[PDB]
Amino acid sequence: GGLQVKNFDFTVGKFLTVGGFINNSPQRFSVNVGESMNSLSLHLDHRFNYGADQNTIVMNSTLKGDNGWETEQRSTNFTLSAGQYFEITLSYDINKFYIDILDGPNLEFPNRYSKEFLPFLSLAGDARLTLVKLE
């Protein structure tokens, strides 16, 4: 399940763009990059209507799936909308991830595990992934 795209090596200095459509009436959706669903260098969660979290971006990582979430970094500079097309571009170096949301903010997050190559990508939650671009 999934597609192995042989040509795409998301290494330091490359720009990975993910595009897709957010569901109508969303709770939240995340972009996840790392080694696997359980070992993620970046979990970027856009929470629309999620209890106390209303239009909040939560960023975190985990080495142990759902039982290893570490320190959250949050932002309320929230620019996505339910039912819309979105694009988010990610790049990183040995110190930081650089998150560029199209028509939105640029955010940074630590590269906690000193990764120089990331083999896995998933989108989870209330959205549909339609595009992956690497430049």
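Just count from 1 along the sequence shown to find any residue number.
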* **Segment of higher mean CA temperature factor, 106-114 or 57-65** => 106-114
* Structure fact -> The stretch whose C-alpha atoms carry the larger average B-factor in the entry, 27-35 or 86-94, is 86-94
* Compare the CA B factors listed in the entry for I99, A52, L40, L44 and report the winner. => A52
* Would the CA B-factor of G13 place it in the lowest, middle or highest third of its chain? -> highest
* **Position of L134 among the chain's modelled residues by C-alpha B-factor, lowest, middle or highest third** => highest
